[PDB]
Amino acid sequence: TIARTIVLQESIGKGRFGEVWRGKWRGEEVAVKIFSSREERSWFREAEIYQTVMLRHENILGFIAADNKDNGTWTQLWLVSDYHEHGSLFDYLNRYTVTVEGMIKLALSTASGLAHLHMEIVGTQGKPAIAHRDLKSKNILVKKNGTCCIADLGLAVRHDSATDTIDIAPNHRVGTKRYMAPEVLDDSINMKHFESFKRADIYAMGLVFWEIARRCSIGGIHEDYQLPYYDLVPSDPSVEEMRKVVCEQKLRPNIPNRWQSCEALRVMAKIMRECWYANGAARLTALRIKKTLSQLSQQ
């Protein structure tokens, strides 16, 4: 009833483990991620994450189903989700500049999705706290209304507050190196504490906020698109290269001088700095960040 009735139309590209396609399901556009049989573990883990109780949120990618498709020779392992025509936040920020209102929209919805991810919800159909672990602009999508939704949950960790355990045994350093928190880079992260994974998501989100803010154009003035640490490391940096910059030299992305001329940019810059603390225990929470950008948004 699902993979049976879906026609693939266009190749999007390979992920860590999957190949992504644009497909058609009942005349509607969907995204389809296809794995070989030897990638059964990645496919299953990812399907498990996206089928978490109470996960659905406007700012989290809309999961449709997991399925199998036998073509006659081999079996494909399918995941299916909503299609988003604008693509990644990364793509978006390269194409366009944003207004003040538009900057706040992208940062607020991102913060809102992450806060929902991080929030343990109680009750019968309770939702466990989840940490993403590969948060970045390429793993966030922009919807038709100009709001973000978070994607690429396959590396996430879920926390059972009952037994105080995480649902997988985490091998260290899984995400994108450029966006790794200092405690991840120098290998001092305490992984017996689930809050540690939340604090590393926040550091990465700060970097994403910086990527957004650069493209906020006020009166014609803006910076062009760069990734964080574009000025400090090569395109595919190693962990040792990041560690020397982030941990040893203790550098962060530069806050432009002009961001003091506007209140929105001044608040966003303040937020970034409180995501970038070398000490994860003193960083803002996604919920705290959500509240601040909410109050900012109504001015």
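The numbering used is simple: start at 1 and walk along the sequence shown. By rigid core we mean the largest C-alpha set that fits within 1.5 Å across both forms.
- With each structure aligned by its rigid core, the stretch whose Cα atoms sit farther from this model in 5 other deposited structures of this protein, between 4-12 and 289-297, is 4-12.
- Comparing 154-162 with 112-120 by root mean square Cα distance to the shown form in 5 other deposited structures of this protein, with the rigid core used for the fit, gives 154-162 as the more displaced stretch.
- Per the compared records, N145 is resolved in all of the other entries whose models span it, so no third of them omit it.
- Across the other PDB entries of this protein whose models span the neighbouring residues, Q76 is modelled without exception, so it is unmodelled in far fewer than a third.
- Here the stretch with the larger average CA B-factor, out of 210-218 and 162-170, is 162-170.
- The question of which stretch, 258-266 or 60-68, has the higher mean Cα B factor is settled in favour of 258-266.
- Between the residues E101, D91, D82, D201, the entry's highest C-alpha temperature factor is the one at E101.
- In the PDB entry, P182 places in the middle third of its chain by CA B-factor.
- In the deposited entry, the Cα temperature factor of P128 places it in the lowest third of its chain's modelled residues.
- Per the deposited record, the Cα B-factor of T73 falls in the middle third when ranked against the other modelled residues of its chain.
- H118 sits in the middle third of its chain by CA B factor, as recorded in the PDB entry.
- When all modelled residues of the chain are sorted by CA temperature factor, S112 is found within the lowest third.
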